[PDB]
Amino acid sequence: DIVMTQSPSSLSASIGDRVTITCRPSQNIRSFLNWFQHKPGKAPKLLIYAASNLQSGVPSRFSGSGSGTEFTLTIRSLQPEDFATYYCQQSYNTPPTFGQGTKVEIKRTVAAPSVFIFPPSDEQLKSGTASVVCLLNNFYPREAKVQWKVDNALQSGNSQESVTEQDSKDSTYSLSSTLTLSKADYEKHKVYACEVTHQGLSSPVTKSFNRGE
Amino acid sequence: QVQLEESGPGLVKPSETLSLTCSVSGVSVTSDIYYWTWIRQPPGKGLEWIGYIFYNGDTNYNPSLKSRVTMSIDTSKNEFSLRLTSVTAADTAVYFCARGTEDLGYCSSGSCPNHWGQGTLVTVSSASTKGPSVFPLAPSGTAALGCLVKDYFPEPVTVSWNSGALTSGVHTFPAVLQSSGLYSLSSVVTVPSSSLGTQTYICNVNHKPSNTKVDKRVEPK
């Protein structure tokens, strides 16, 4: 019932940068404010309790300040492993409530993706469907354009993308694009191609195969 | 200093009751200095605190949920549990158990969960479980290969390589929901091209909701 307003919702910063996240409760909570870190698929971890007390085992670059109705989490020197979503949590009145979170991403140098294309397996074709997969490996930044072309005709509406979370050591992303076709449509064409445009590529990179070669 | 192992069904039908258990190791659930908490997070939504329970009997549940939730402690098993009635799609979420240490100088009672479990996803749906079909992403200095894990429900699947021996260079993509209502993902790994002739690569796909385990060899051609 106490509403926690966190800001910003998301930020990007370079390694070594000083990062600042604020939390404002809807009423005064004295010093009863905790800060959490949540890395993807890991247990959320308590970083700071009672506004300014560093939890045991947490690196000293994390620090909390403030009281009353304004609180700040500072990351004094951003490290690659600090990619995570951070939350404030008031412990003043029940029920405990959380801010909606701040997504922290790492800015780093441009890294072009390595590109791979995979044809559908013969085992899948017996099912009546053909999946064609394109892989973009270990790139930065996250933005990339991936176009499917079948006999050089541009595809639309029949593919889905998925992106990994930012890597905790090299801060890169990887991305899959999957083209789904009926077996009948797959056998009507020859050249299957994934064309990749990315800031690290001076011109687009195309990977292709010919069905049945 | 504490380990918290969560268990329970990952699929619950609408209007039925969701039950989860947290197995505690390293301290006793009868120790009066700790309290035990559940928290949840729907996909893409915020965290919602559910409640706390002390062994001495004192409890407090979020007013949003108090009329549907109970918690209990099983001393013989050193466990505690969550019971949530009459579930709907709003109850689809990752559920976290957590321990806190009572300390009124730095926290109101029962309000600072400081050791959390890693969470378990519960999906509320009338659909049955379905195990995945697994297809090779065959390799064409560095080569890429993988496994396509198609048409399963609900999440999650786990993917390992070479029974867990191969970890360097692996990317397992987040699942995507297909228009069919079933999930799909791929797991890839980059390896030396010089290895393709003599190293065997197998992806191991585990889908606990369907008690399904599938091994797929991934080779050239």
# chains A, B, ... in the order shown; residues from 1 in each chain; ligands from 1
>>> closest_atom_pairs(of="region 47-138 of chain A", to="region 171-190 of chain B", cutoff="9 Å", atoms="only C-alpha atoms", output="CSV")
residue,atom,partner,partner_atom,distance
A:133,CA,B:186,CA,8.7
A:135,CA,B:188,CA,8.4
A:137,CA,B:171,CA,8.9
>>> write_last_selection(atoms="N, CA, C and O atoms", output="compact mmCIF listing (two decimals), in the first residue's frame")
# COMPACT_ATOMS: atom_id res chain seq x y z
N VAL A 133 17.06 -21.73 -39.00
CA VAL A 133 17.57 -20.93 -37.88
C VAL A 133 18.77 -20.13 -38.35
O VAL A 133 19.65 -20.65 -39.06
N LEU A 135 21.78 -17.63 -36.59
CA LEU A 135 22.45 -17.31 -35.34
C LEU A 135 23.35 -16.09 -35.53
O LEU A 135 24.18 -16.07 -36.45
N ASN A 137 26.12 -14.24 -33.21
CA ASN A 137 26.83 -14.65 -32.00
C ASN A 137 27.73 -13.53 -31.50
O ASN A 137 28.58 -13.02 -32.25
>>> interface_residues(of="chain B", to="chain A", cutoff="8 Å", atoms="only C-alpha atoms", output="mmCIF file with N, CA and C atoms, in the first residue's frame")
data_model
loop_
_atom_site.group_PDB
_atom_site.id
_atom_site.type_symbol
_atom_site.label_atom_id
_atom_site.label_comp_id
_atom_site.auth_asym_id
_atom_site.auth_seq_id
_atom_site.Cartn_x
_atom_site.Cartn_y
_atom_site.Cartn_z
ATOM 1 N N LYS B 45 6.045 -8.414 -14.883
ATOM 2 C CA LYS B 45 5.409 -7.563 -13.880
ATOM 3 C C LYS B 45 6.334 -7.389 -12.676
ATOM 4 N N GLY B 46 5.847 -6.661 -11.673
ATOM 5 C CA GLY B 46 6.655 -6.380 -10.499
ATOM 6 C C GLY B 46 6.633 -7.521 -9.489
ATOM 7 N N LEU B 47 7.445 -7.366 -8.435
ATOM 8 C CA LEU B 47 7.452 -8.309 -7.320
ATOM 9 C C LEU B 47 6.277 -8.039 -6.383
ATOM 10 N N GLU B 48 5.639 -9.112 -5.917
ATOM 11 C CA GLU B 48 4.531 -8.987 -4.975
ATOM 12 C C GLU B 48 4.810 -9.865 -3.763
ATOM 13 N N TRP B 49 4.953 -9.229 -2.608
ATOM 14 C CA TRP B 49 5.195 -9.940 -1.360
ATOM 15 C C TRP B 49 3.926 -10.678 -0.941
ATOM 16 N N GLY B 51 3.642 -13.104 2.101
ATOM 17 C CA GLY B 51 3.485 -13.078 3.542
ATOM 18 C C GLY B 51 4.707 -13.623 4.253
ATOM 19 N N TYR B 61 -0.156 -11.918 6.080
ATOM 20 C CA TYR B 61 -0.257 -12.092 4.638
ATOM 21 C C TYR B 61 -0.723 -10.790 4.000
ATOM 22 N N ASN B 62 -0.170 -10.506 2.827
ATOM 23 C CA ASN B 62 -0.569 -9.345 2.043
ATOM 24 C C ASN B 62 -2.089 -9.278 1.945
ATOM 25 N N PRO B 63 -2.715 -8.127 2.249
ATOM 26 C CA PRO B 63 -4.180 -8.046 2.143
ATOM 27 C C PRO B 63 -4.705 -8.380 0.762
ATOM 28 N N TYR B 106 16.468 -2.467 12.505
ATOM 29 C CA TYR B 106 16.736 -2.198 11.098
ATOM 30 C C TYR B 106 15.581 -2.614 10.190
ATOM 31 N N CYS B 107 14.470 -3.066 10.759
ATOM 32 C CA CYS B 107 13.406 -3.660 9.967
ATOM 33 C C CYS B 107 12.167 -3.802 10.833
ATOM 34 N N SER B 108 10.995 -3.527 10.263
ATOM 35 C CA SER B 108 9.784 -3.921 10.962
ATOM 36 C C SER B 108 9.704 -5.441 10.976
ATOM 37 N N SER B 111 9.833 -8.358 7.767
ATOM 38 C CA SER B 111 9.677 -7.548 6.557
ATOM 39 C C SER B 111 10.960 -7.377 5.744
ATOM 40 N N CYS B 112 11.996 -8.191 5.976
ATOM 41 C CA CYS B 112 13.289 -8.029 5.292
ATOM 42 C C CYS B 112 13.844 -9.372 4.864
ATOM 43 N N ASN B 114 16.094 -11.775 3.356
ATOM 44 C CA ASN B 114 17.466 -11.490 2.950
ATOM 45 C C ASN B 114 18.211 -12.685 2.364
ATOM 46 N N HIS B 115 17.581 -13.851 2.296
ATOM 47 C CA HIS B 115 18.137 -15.012 1.606
ATOM 48 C C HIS B 115 16.990 -15.634 0.840
ATOM 49 N N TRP B 116 17.060 -15.582 -0.482
ATOM 50 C CA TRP B 116 15.988 -16.075 -1.332
ATOM 51 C C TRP B 116 16.404 -17.341 -2.076
ATOM 52 N N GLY B 117 15.411 -18.179 -2.354
ATOM 53 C CA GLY B 117 15.582 -19.267 -3.292
ATOM 54 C C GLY B 117 15.596 -18.738 -4.711
ATOM 55 N N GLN B 118 15.942 -19.604 -5.649
ATOM 56 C CA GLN B 118 16.088 -19.039 -6.980
ATOM 57 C C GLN B 118 14.769 -18.936 -7.733
ATOM 58 N N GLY B 119 13.679 -19.456 -7.187
ATOM 59 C CA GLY B 119 12.350 -19.276 -7.748
ATOM 60 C C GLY B 119 11.897 -20.445 -8.607
ATOM 61 N N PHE B 135 15.524 -31.256 -32.409
ATOM 62 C CA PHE B 135 16.134 -31.464 -33.717
ATOM 63 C C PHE B 135 17.543 -30.884 -33.755
ATOM 64 N N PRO B 136 18.456 -31.516 -34.503
ATOM 65 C CA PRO B 136 19.823 -31.002 -34.587
ATOM 66 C C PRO B 136 19.910 -29.745 -35.438
ATOM 67 N N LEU B 137 20.780 -28.837 -35.013
ATOM 68 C CA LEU B 137 21.282 -27.712 -35.803
ATOM 69 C C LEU B 137 22.706 -28.100 -36.203
ATOM 70 N N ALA B 138 22.833 -28.734 -37.354
ATOM 71 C CA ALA B 138 24.104 -29.384 -37.656
ATOM 72 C C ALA B 138 25.166 -28.365 -38.080
ATOM 73 N N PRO B 139 26.442 -28.635 -37.795
ATOM 74 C CA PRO B 139 27.493 -27.697 -38.214
ATOM 75 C C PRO B 139 27.647 -27.688 -39.728
ATOM 76 N N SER B 140 27.884 -26.494 -40.271
ATOM 77 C CA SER B 140 28.065 -26.289 -41.707
ATOM 78 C C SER B 140 29.271 -27.080 -42.221
ATOM 79 N N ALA B 144 29.657 -23.457 -35.425
ATOM 80 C CA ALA B 144 28.498 -23.398 -34.538
ATOM 81 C C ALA B 144 27.601 -24.595 -34.805
ATOM 82 N N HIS B 171 25.034 -20.952 -25.689
ATOM 83 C CA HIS B 171 23.948 -19.991 -25.514
ATOM 84 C C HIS B 171 22.631 -20.727 -25.659
ATOM 85 N N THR B 172 21.830 -20.735 -24.600
ATOM 86 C CA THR B 172 20.482 -21.270 -24.668
ATOM 87 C C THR B 172 19.521 -20.092 -24.660
ATOM 88 N N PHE B 173 18.793 -19.932 -25.752
ATOM 89 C CA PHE B 173 17.958 -18.763 -25.948
ATOM 90 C C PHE B 173 16.700 -18.832 -25.095
ATOM 91 N N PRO B 174 16.201 -17.681 -24.646
ATOM 92 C CA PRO B 174 14.887 -17.655 -24.002
ATOM 93 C C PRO B 174 13.835 -18.219 -24.939
ATOM 94 N N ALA B 175 12.890 -18.946 -24.356
ATOM 95 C CA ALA B 175 11.815 -19.528 -25.146
ATOM 96 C C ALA B 175 10.954 -18.435 -25.756
ATOM 97 N N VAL B 176 10.405 -18.731 -26.935
ATOM 98 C CA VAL B 176 9.415 -17.885 -27.596
ATOM 99 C C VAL B 176 8.095 -18.643 -27.642
ATOM 100 N N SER B 186 16.101 -22.544 -29.079
ATOM 101 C CA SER B 186 17.310 -23.216 -29.530
ATOM 102 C C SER B 186 18.421 -23.050 -28.510
#
>>> atom_distance(atom1="CA of residue 103 (chain A)", atom2="CA of residue 85 (chain A)")
4.5 Å
>>> residues_around(residues="region 79-95 of chain B", least_positions_apart="6", cutoff="7 Å", atoms="only C-alpha atoms", output="PyMOL selection string")
chain B and resi 14-24+29+38-43+68-73+119-124
>>> write_last_selection(atoms="N, CA, C and O atoms", output="CSV table (one decimal), in the first residue's frame")
chain,number,residue,atom,x,y,z
B,14,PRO,N,-7.0,-23.6,-13.7
B,14,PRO,CA,-7.8,-22.5,-13.2
B,14,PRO,C,-8.8,-23.0,-12.2
B,14,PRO,O,-9.4,-24.1,-12.4
B,15,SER,N,-9.0,-22.3,-11.1
B,15,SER,CA,-9.9,-22.5,-10.0
B,15,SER,C,-9.3,-23.5,-9.0
B,15,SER,O,-9.9,-23.6,-7.9
B,16,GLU,N,-8.2,-24.2,-9.3
B,16,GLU,CA,-7.7,-25.2,-8.4
B,16,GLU,C,-6.7,-24.5,-7.5
B,16,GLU,O,-6.4,-23.3,-7.5
B,17,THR,N,-6.1,-25.3,-6.5
B,17,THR,CA,-5.2,-24.8,-5.5
B,17,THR,C,-3.8,-25.0,-5.9
B,17,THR,O,-3.4,-26.1,-6.2
B,18,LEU,N,-3.0,-23.9,-5.7
B,18,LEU,CA,-1.5,-24.0,-6.0
B,18,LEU,C,-0.8,-24.3,-4.7
B,18,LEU,O,-1.1,-23.7,-3.7
B,19,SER,N,0.0,-25.3,-4.6
B,19,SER,CA,0.8,-25.6,-3.4
B,19,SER,C,2.3,-25.7,-3.8
B,19,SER,O,2.7,-26.3,-4.8
B,20,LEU,N,3.1,-25.0,-3.0
B,20,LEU,CA,4.6,-25.1,-3.2
B,20,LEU,C,5.2,-25.4,-1.8
B,20,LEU,O,4.7,-25.0,-0.8
B,21,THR,N,6.4,-26.0,-1.9
B,21,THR,CA,7.2,-26.3,-0.7
B,21,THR,C,8.6,-25.7,-0.9
B,21,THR,O,9.1,-25.6,-2.0
B,22,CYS,N,9.2,-25.3,0.3
B,22,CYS,CA,10.6,-24.8,0.4
B,22,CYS,C,11.3,-25.7,1.4
B,22,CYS,O,11.0,-25.7,2.6
B,23,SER,N,12.2,-26.5,0.9
B,23,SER,CA,13.0,-27.3,1.8
B,23,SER,C,14.2,-26.5,2.3
B,23,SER,O,15.0,-26.0,1.5
B,24,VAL,N,14.4,-26.5,3.6
B,24,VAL,CA,15.4,-25.6,4.2
B,24,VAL,C,16.6,-26.4,4.7
B,24,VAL,O,16.4,-27.4,5.3
B,29,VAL,N,13.9,-24.8,10.9
B,29,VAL,CA,12.7,-24.1,10.8
B,29,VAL,C,12.0,-23.8,12.2
B,29,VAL,O,11.0,-23.1,12.2
B,38,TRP,N,7.2,-15.9,1.3
B,38,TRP,CA,7.0,-16.1,-0.1
B,38,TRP,C,6.8,-14.8,-0.8
B,38,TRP,O,6.2,-13.9,-0.3
B,39,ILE,N,7.4,-14.7,-2.0
B,39,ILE,CA,7.2,-13.6,-2.9
B,39,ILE,C,7.0,-14.1,-4.3
B,39,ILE,O,7.4,-15.2,-4.6
B,40,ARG,N,6.3,-13.3,-5.1
B,40,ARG,CA,6.1,-13.7,-6.5
B,40,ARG,C,6.3,-12.6,-7.5
B,40,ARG,O,6.3,-11.4,-7.2
B,41,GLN,N,6.5,-13.0,-8.8
B,41,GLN,CA,6.7,-12.0,-9.8
B,41,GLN,C,6.0,-12.6,-11.1
B,41,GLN,O,6.6,-13.6,-11.7
B,42,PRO,N,4.9,-12.1,-11.5
B,42,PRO,CA,4.4,-12.5,-12.8
B,42,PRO,C,5.4,-12.2,-13.9
B,42,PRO,O,6.1,-11.2,-13.8
B,43,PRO,N,5.4,-12.9,-15.0
B,43,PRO,CA,6.2,-12.5,-16.2
B,43,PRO,C,6.1,-11.1,-16.6
B,43,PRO,O,5.0,-10.6,-16.9
B,68,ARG,N,-7.0,-15.8,0.3
B,68,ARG,CA,-6.8,-17.0,-0.5
B,68,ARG,C,-5.5,-17.8,-0.1
B,68,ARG,O,-5.3,-18.8,-0.6
B,69,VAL,N,-4.7,-17.3,0.8
B,69,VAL,CA,-3.4,-17.9,1.1
B,69,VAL,C,-3.3,-18.4,2.5
B,69,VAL,O,-3.9,-17.8,3.5
B,70,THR,N,-2.6,-19.5,2.7
B,70,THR,CA,-2.1,-20.0,3.9
B,70,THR,C,-0.7,-20.5,3.8
B,70,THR,O,-0.2,-20.8,2.7
B,71,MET,N,0.0,-20.5,4.9
B,71,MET,CA,1.4,-21.0,4.9
B,71,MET,C,1.5,-22.0,6.1
B,71,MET,O,0.8,-21.9,7.1
B,72,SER,N,2.5,-22.9,6.0
B,72,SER,CA,2.7,-23.8,7.1
B,72,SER,C,4.1,-24.2,7.2
B,72,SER,O,4.9,-24.1,6.2
B,73,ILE,N,4.5,-24.7,8.4
B,73,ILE,CA,5.9,-25.2,8.7
B,73,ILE,C,5.7,-26.7,9.0
B,73,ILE,O,4.9,-27.0,9.9
B,119,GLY,N,13.7,-19.5,-7.2
B,119,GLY,CA,12.3,-19.3,-7.7
B,119,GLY,C,11.9,-20.4,-8.6
B,119,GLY,O,12.7,-21.1,-9.2
B,120,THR,N,10.6,-20.7,-8.6
B,120,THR,CA,10.0,-21.7,-9.5
B,120,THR,C,8.8,-21.1,-10.2
B,120,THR,O,8.0,-20.4,-9.6
B,121,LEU,N,8.7,-21.3,-11.5
B,121,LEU,CA,7.6,-20.8,-12.3
B,121,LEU,C,6.4,-21.7,-12.2
B,121,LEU,O,6.5,-22.9,-12.3
B,122,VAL,N,5.2,-21.1,-11.9
B,122,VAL,CA,4.0,-21.8,-11.9
B,122,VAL,C,3.1,-21.2,-13.0
B,122,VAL,O,2.9,-19.9,-13.0
B,123,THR,N,2.6,-22.0,-13.9
B,123,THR,CA,1.8,-21.5,-15.0
B,123,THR,C,0.3,-22.0,-14.8
B,123,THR,O,0.2,-23.2,-14.5
B,124,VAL,N,-0.6,-21.1,-14.8
B,124,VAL,CA,-2.0,-21.5,-14.6
B,124,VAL,C,-2.6,-21.6,-16.0
B,124,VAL,O,-2.6,-20.7,-16.8
>>> residues_around(residues="region 57-68 of chain A", least_positions_apart="2", cutoff="8 Å", atoms="only C-alpha atoms", output="count of residues only")
21
>>> atom_distance(atom1="CA of residue 146 (chain A)", atom2="CA of residue 195 (chain A)")
5.6 Å
>>> select_by_dssp(residues="region 2-196 of chain A", states="strand (DSSP E or B)", output="PyMOL selection string")
chain A and resi 4-7+10-14+19-25+33-38+45-49+53-54+62-67+70-75+84-90+97-98+102-107+111+114-118+129-140+145-150+153-154+159-163+173-182+191-196
>>> atom_distance(atom1="CA of residue 165 (chain B)", atom2="CA of residue 213 (chain B)")
17.1 Å
>>> residues_around(residues="residue 212 (chain A)", least_positions_apart="6", cutoff="10 Å", atoms="only C-alpha atoms", output="tab-separated table (two decimals) with N, CA and C atoms, in the first residue's frame")
chain	number	residue	atom	x	y	z
A	119	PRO	N	20.01	-25.37	-41.77
A	119	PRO	CA	18.84	-25.88	-42.48
A	119	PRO	C	17.98	-26.74	-41.57
A	187	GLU	N	10.07	-27.10	-49.83
A	187	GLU	CA	10.55	-27.86	-50.98
A	187	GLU	C	10.30	-27.16	-52.31
A	190	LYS	N	14.76	-23.01	-53.37
A	190	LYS	CA	16.13	-23.50	-53.37
A	190	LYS	C	17.04	-22.75	-52.41
A	191	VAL	N	17.12	-21.42	-52.52
A	191	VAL	CA	18.12	-20.65	-51.80
A	191	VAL	C	17.48	-20.05	-50.56
>>> residues_around(residues="residue 14 (chain A)", least_positions_apart="3", cutoff="8 Å", atoms="only C-alpha atoms", output="list in words")
residues 17, 78, 106, 107 and 108 of chain A
>>> residues_around(residues="region 154-156 of chain A", least_positions_apart="2", cutoff="10 Å", atoms="only C-alpha atoms", output="PDB file with N, CA, C and O atoms, in the first residue's frame")
ATOM      1  N   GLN A 147      17.057 -10.187 -41.876  1.00  0.00           N
ATOM      2  CA  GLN A 147      16.052 -10.416 -42.904  1.00  0.00           C
ATOM      3  C   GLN A 147      16.207 -11.816 -43.484  1.00  0.00           C
ATOM      4  O   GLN A 147      17.320 -12.258 -43.774  1.00  0.00           O
ATOM      5  N   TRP A 148      15.084 -12.510 -43.645  1.00  0.00           N
ATOM      6  CA  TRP A 148      15.045 -13.795 -44.326  1.00  0.00           C
ATOM      7  C   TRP A 148      14.736 -13.575 -45.796  1.00  0.00           C
ATOM      8  O   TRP A 148      13.923 -12.712 -46.144  1.00  0.00           O
ATOM      9  N   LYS A 149      15.398 -14.345 -46.656  1.00  0.00           N
ATOM     10  CA  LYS A 149      15.099 -14.313 -48.083  1.00  0.00           C
ATOM     11  C   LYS A 149      15.098 -15.734 -48.614  1.00  0.00           C
ATOM     12  O   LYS A 149      16.007 -16.518 -48.325  1.00  0.00           O
ATOM     13  N   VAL A 150      14.058 -16.069 -49.367  1.00  0.00           N
ATOM     14  CA  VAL A 150      13.910 -17.381 -49.976  1.00  0.00           C
ATOM     15  C   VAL A 150      13.895 -17.160 -51.481  1.00  0.00           C
ATOM     16  O   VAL A 150      13.009 -16.462 -51.996  1.00  0.00           O
ATOM     17  N   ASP A 151      14.890 -17.721 -52.177  1.00  0.00           N
ATOM     18  CA  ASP A 151      15.167 -17.388 -53.581  1.00  0.00           C
ATOM     19  C   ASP A 151      15.191 -15.869 -53.780  1.00  0.00           C
ATOM     20  O   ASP A 151      14.683 -15.332 -54.769  1.00  0.00           O
ATOM     21  N   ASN A 152      15.775 -15.172 -52.800  1.00  0.00           N
ATOM     22  CA  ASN A 152      15.997 -13.731 -52.763  1.00  0.00           C
ATOM     23  C   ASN A 152      14.714 -12.926 -52.624  1.00  0.00           C
ATOM     24  O   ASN A 152      14.736 -11.693 -52.811  1.00  0.00           O
ATOM     25  N   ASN A 158       6.670 -14.622 -40.887  1.00  0.00           N
ATOM     26  CA  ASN A 158       6.858 -16.040 -40.615  1.00  0.00           C
ATOM     27  C   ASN A 158       8.162 -16.321 -39.870  1.00  0.00           C
ATOM     28  O   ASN A 158       8.700 -17.424 -39.959  1.00  0.00           O
ATOM     29  N   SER A 159       8.673 -15.354 -39.109  1.00  0.00           N
ATOM     30  CA  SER A 159       9.858 -15.605 -38.296  1.00  0.00           C
ATOM     31  C   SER A 159       9.703 -14.974 -36.915  1.00  0.00           C
ATOM     32  O   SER A 159       8.943 -14.022 -36.724  1.00  0.00           O
ATOM     33  N   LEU A 179      12.918 -19.091 -38.966  1.00  0.00           N
ATOM     34  CA  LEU A 179      11.941 -19.033 -40.047  1.00  0.00           C
ATOM     35  C   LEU A 179      11.158 -20.336 -40.078  1.00  0.00           C
ATOM     36  O   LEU A 179      11.747 -21.422 -40.142  1.00  0.00           O
ATOM     37  N   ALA A 193      18.341 -17.800 -47.146  1.00  0.00           N
ATOM     38  CA  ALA A 193      19.375 -16.861 -46.754  1.00  0.00           C
ATOM     39  C   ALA A 193      18.913 -16.002 -45.586  1.00  0.00           C
ATOM     40  O   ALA A 193      17.754 -15.574 -45.522  1.00  0.00           O
ATOM     41  N   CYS A 194      19.852 -15.731 -44.689  1.00  0.00           N
ATOM     42  CA  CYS A 194      19.689 -14.793 -43.588  1.00  0.00           C
ATOM     43  C   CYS A 194      20.646 -13.638 -43.848  1.00  0.00           C
ATOM     44  O   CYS A 194      21.842 -13.868 -44.055  1.00  0.00           O
ATOM     45  N   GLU A 195      20.124 -12.409 -43.888  1.00  0.00           N
ATOM     46  CA  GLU A 195      20.941 -11.232 -44.166  1.00  0.00           C
ATOM     47  C   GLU A 195      20.944 -10.316 -42.948  1.00  0.00           C
ATOM     48  O   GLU A 195      19.879  -9.900 -42.472  1.00  0.00           O
TER      49      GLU A 195
END
